[PDB]
Amino acid sequence: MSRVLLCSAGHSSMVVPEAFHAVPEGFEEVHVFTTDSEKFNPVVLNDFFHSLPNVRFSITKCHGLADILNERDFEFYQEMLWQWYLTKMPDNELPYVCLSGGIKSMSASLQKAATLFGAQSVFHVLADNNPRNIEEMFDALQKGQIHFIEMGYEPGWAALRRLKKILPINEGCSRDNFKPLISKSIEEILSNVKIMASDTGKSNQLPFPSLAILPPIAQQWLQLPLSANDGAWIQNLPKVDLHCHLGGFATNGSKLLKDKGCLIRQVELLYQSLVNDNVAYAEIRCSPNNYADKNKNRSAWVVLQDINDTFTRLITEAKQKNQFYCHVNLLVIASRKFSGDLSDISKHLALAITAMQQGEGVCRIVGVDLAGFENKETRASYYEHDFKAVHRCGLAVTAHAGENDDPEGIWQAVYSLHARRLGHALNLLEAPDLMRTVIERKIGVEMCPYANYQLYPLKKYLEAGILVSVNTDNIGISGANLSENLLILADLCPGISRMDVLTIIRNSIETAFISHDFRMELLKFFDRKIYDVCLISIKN
Amino acid sequence: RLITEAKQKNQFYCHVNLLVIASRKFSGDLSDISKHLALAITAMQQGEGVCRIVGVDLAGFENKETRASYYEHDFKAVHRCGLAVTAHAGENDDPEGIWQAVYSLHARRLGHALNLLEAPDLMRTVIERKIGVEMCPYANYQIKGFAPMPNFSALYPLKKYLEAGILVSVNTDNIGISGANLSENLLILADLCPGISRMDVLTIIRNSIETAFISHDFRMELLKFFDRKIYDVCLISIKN
Amino acid sequence: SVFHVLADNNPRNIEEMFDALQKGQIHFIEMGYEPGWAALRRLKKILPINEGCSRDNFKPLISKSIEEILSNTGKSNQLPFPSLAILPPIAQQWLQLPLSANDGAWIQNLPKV
Amino acid sequence: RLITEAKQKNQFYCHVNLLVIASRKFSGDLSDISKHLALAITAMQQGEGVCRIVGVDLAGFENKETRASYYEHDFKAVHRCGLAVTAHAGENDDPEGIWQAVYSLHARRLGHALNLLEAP
Ligand SMILES: [Mg+2]
Ligand SMILES: [Mg+2]
């Protein structure tokens, strides 16, 4: 924990040691902002802090401004002071600051910086004798002449404290080619507040994925239909992939992947690809029975356990280094056979229940998949009594009735299997009753853009209000990742905009089978990341 | 007519929809249940209107004689039409009853369900399915007893129901009998559930908005109006 | 509007800074328009003029809220009504305060369902 | 390991197989029954080995309130996969519960059933 101290000193440099000694508990880092004037005496605080190496210290100089004389000088000083304050923020803490030093102008500017970004406690210092050398200030504080004065305790604006990611690519804000981007931030916040308070029609709401603090230009840009040149922006956007088959990545499967080494390499390469695509969460459907080998003592349970263990090891390694990581859970696919050994479905269900019973592990089992040939021969009116068992133990179920299926099949897949999530079902338009059912019950749709590619009802699905989630199915077989999956909607569904992409991501994140706590943590991280990425992208 | 005349003057109007109560063993023969649900679905098929019927209700006295696992076969068709069900599975109802109500009847809402805290799997599934739980603070407080009743130890489970993530909704039940409208029904929680914050009250309002059986577009309009009004109220809330 | 006035010579007499403003020596420095909070002035109604008062009757009405701004994850991302973000932070932390009995006026003014 | 060690020295060894008892748990978060059935199914599916799980047993709270005429629908999967069924009932139960147990769960063994003599 770091008690970073920020201050500004004018003709007097004594004030910073007084601020340090005002709280006997002792700070950890101290930084002072000063102009390039010659009246400064850095040596006294320099050797005073050299008396205690254990406390970090730094000095930053505002070049080119001897003193504030006109409007340009003051605006330059304010921009540099804001930049220095925001570049010296703690990563996850509010700092302290003393306003005593400097003339009224920089004191007011520093307090404005505090009011914009927030601080743990702002304070002042009062010296009865106004000491100038260390021994006499020490004697004054020993006697009791030291006086520290405090008013402030403010949280600040999280959103405007959150824009430090844009400081690079400025060379150091040279006056010849300086752009006061902090002034852009302040005009942004004032513009949003004034527009909100000076109108009602615009003041309705708009952004459900939660944000509403971007500049109005940024919101207008979001409202425009997306183009094919937004590839960098969407790639920078974090995504969720709720339908991705493990065995269709390096296209493989039953004939090749029986050995352990191939499974390990497939797992690691899939995780690397997912992290490369900035995907923050995904659900994976895997076939343990298709991957087992009774000859080599390789049971389906063993295969699933090994998958879970390697996934857990990988995510733990990624998290321990404090780098972006992709949380992933497995889905046991109840492969459709309907020809022989029909007990395989029950075996898969029991395996899934026992797998979720593991309990421990950040990576676990959350749902089962009723995939396979979705024809009438294997509709949802066959095994509901057996699915009573999996539903008893509180396990989610994902169905798939989207290819060559009639509305009643979707209907009692919804109402007998009770699929909390639904796959595909592109022809849902022609069943308004089924529209009303799916919308009212808030069950999502696992529509895969490239899979059907190899008029798209996606836009109409968003208009109706279906919680549609864009999914990649098999990136290896399709040859395109999730980023291309959202990219192709530009010409697949004309008139589509970036706000709809954000709503798609939001629908995906609520649609995943996750605990309430993990869901809300994922929402927090996703909101943070989308805010940062749009702030970065709007400027460039 | 009331809604139309209130809106024509561009004032604050409370949009209202109905609920058809299908009581169990309340008047004699149980064919009254089918009469009620047929009436409800036929009223729904009116088509055009402003104040509509959204669904049906299933209410009973205590249990057993008024259990929620008796009329699934009757409920098949009325559910199939497109209505919604709010089973009164609660108030000293055994967990199997609520499980049947949520899963066999596909009921989107529960009445009271005060003792859900002792059925962890029932919690888990309800939270995972975002099934609303209507609950009346003053009514349940009077008829059951929760801290600070004298000579009582049980405390209200609202704060737990919120932090777990249940889509709880605060209601009034019987205004005249309880002698409390929605305002004091929300206010009573301060001494009923200590440590409750205003932010959780806002989330409760949001959940009540979410759990209504209403169309999507009406939901967007309702959310926009509520958010603007809530921002305005909180702007002139800190004044006092 | 809150601003600042700076004088190079810091005049003392009327003719001096009159001449300074004739030349334009006195510059004007402001950090921009400050909306404040749209509604906080009912404190001046509930608290009378109190012309007869001393140090005994201090009002720490807001300072306790200021202290409980951050002194106190669940309450951080539970935000509904996304326009609630634009709400000034002081009122946000006020919402973060626990509920009380005396909020009946706001409860009545609260649009409910 | 015990039976392998006993057999390696060519001594007398007692071959042992398991029975996963599906405890009644009158209410007791009754999903434990399905949990036990799934655990037994996957344990049998493990397969390789000399000591093996061979069947399931249901017992506990023998009173008529927890008879065998409730869970007749769950036992379809455990019977289809290939496991064996045992039902303990008859110490103080009616002479009809045995009929359901033998003819609904297809139980190959009957616990106790001391009062069978009065049901020819
Ligand atoms: Mg697929
Ligand atoms: Mg009632």
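Residues numbered from 1 in each chain as written, not as in the entry; some residues may be left out. Chains lettered and ligands numbered in written order. Part of a larger assembly, values for the part shown. Heavy atoms only, no water.

1. Some remarks on unusual backbone geometry
Next, step 1: Following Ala147(B), the chain continues to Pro148(B) via a peptide bond in cis, the omega torsion being 5 degrees.
Next, step 2: By the secondary structure assignment, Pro148(B) is in the loop between helix 6 (137-143) and helix 7 (158-164).
Next, step 3: The backbone phi angle of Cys173(A) is positive, close to 60 degrees, even though this residue is not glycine.
Next, step 4: If you trace the backbone, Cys173(A) turns up in the loop between helix 6 (158-161) and helix 7 (181-197). (Helix = DSSP H or I, 4+ residues; strand = E, 2+ residues; numbered from the N terminus.)

2. Quick word on the side chain of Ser203(A)
Next, step 1: Here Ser203(A) shows up in the loop between helix 7 and helix 8 (216-223).
Next, step 2: Given the relative accessible area of 2%, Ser203(A) is considered buried.
Next, step 3: A polar atom in the side chain of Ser203(A) sits 3.3 Å from the backbone oxygen of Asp199(A).
Next, step 4: One polar contact links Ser203(A) to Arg228(B), side chain to side chain, over a distance of 2.5 Å.
Next, step 5: Setting aside anything within four residues of it in sequence, one finds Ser203(A) in contact with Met196(A) and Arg228(B). (Buried < 20%, exposed > 50% of the residue type's maximum accessible area, 1.4 Å probe, protein only. Polar contact = N/O pair within 3.5 Å; in protein donor to acceptor, adjacent residues only side chain to side chain. Contact = heavy atoms within 4.5 Å.)

3. Comments concerning the packing of aromatic side chains
All names here are of chain B.
Next, step 1: Scanning all chains against the criterion turns up 27 aromatic pairs over all chains.
Next, step 2: Relative to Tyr141, the ring of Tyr138 has its centre 6.0 Å away and its plane inclined at 85 degrees; by these criteria the two rings are edge-to-face. Of this pair, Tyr138 and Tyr141 both sit in helix 6, separated by three residues, roughly a single helical turn.
Next, step 3: Overall, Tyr138 belongs to the partly exposed group, its relative accessible area being 25%.
Next, step 4: When the centroid spacing of 5.1 Å and the interplanar angle of 85 degrees are considered together, the rings of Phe146 and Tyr156 count as edge-to-face. Highlighted residues: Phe146 in the loop between helix 6 and helix 7 and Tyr156 in the loop between helix 6 and helix 7, separated in sequence by ten residues.
Next, step 5: Using a relative accessible area of 6% as the deciding quantity, one classes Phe146 as buried. (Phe/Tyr/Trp six-rings, centres within 6.5 Å; stacked < 30°, edge-to-face > 60°.)

4. Considering the nonpolar core
Next, step 1: Core analysis: the biggest nonpolar cluster contains 132 residues, and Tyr85(A), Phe117(A), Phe75(B), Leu158(B) and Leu87(C) have the highest contact counts within it.
Next, step 2: Top element by residues in this core is helix 3 (residues 71-87) of chain A. It accounts for nine residues.
Next, step 3: Those residues in contact with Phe75(B) that lie beyond four places of it in its chain are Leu37(B), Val56(B), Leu58(B), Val85(B) and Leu105(B).
Next, step 4: In terms of nonpolar packing, the next biggest core, distinct from the first, is built from 73 residues, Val303(A), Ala334(A), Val368(A) and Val20(D) among them. (Core = buried A, V, L, I, M, F, W, Y, C linked by side-chain atoms within 4.5 Å.)

5. What to know about the interface of chain C and chain A
Next, step 1: Contacts between the two partners involve 26 residues from chain C, matched on the other side by 30 residues from chain A.
Next, step 2: Interface area for chain C against chain A, summed over the two sides, is near 2,400 Å², with a carbon-plus-sulfur share of 70%.
Next, step 3: When the buried surface of chain C facing chain A is broken down by residue, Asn77(C), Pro82(C) and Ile86(C) rank first, second and third, together holding 25% of it.
Next, step 4: Along the contact surface separating chain C from chain A lie zero salt bridges.
Next, step 5: In this assembly, chain C and chain A are joined by three residue pairs in polar contact. (Buried area = accessible area lost by both parts, 1.4 Å probe. Salt bridge = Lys/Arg side-chain N within 4 Å of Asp/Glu carboxyl O.)

6. Description of the sheet that holds strand 3 (residues 85-87) of chain B
Residue and element names in this part refer to chain B.
Next, step 1: Reading across the sheet, the six strands line up as 1-2-3-4-5-6 and stay open at both edges, with parallel pairing between neighbours. If you trace the sheet from one side to the other, it starts and ends with strand 1 (18-21) and strand 6 (168-170), each paired once. Along the sheet, successive strands turn relative to each other by an average axial angle of 30 degrees, direction set aside.
Next, step 2: Across three bridges, strand 1 lies against strand 2 (residues 53-58) in parallel orientation. If you follow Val20 over to strand 2, its bridge partner there is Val56.
Next, step 3: Across the sheet, helix 2 (residues 31-44) lies against strand 1 and strand 2, angled at about 170 degrees from strand 2, the strand it touches most. (Pairing = 2+ DSSP bridges. Axes fitted to C-alpha atoms, helices over the stretch in contact; angles between N-to-C directions.)

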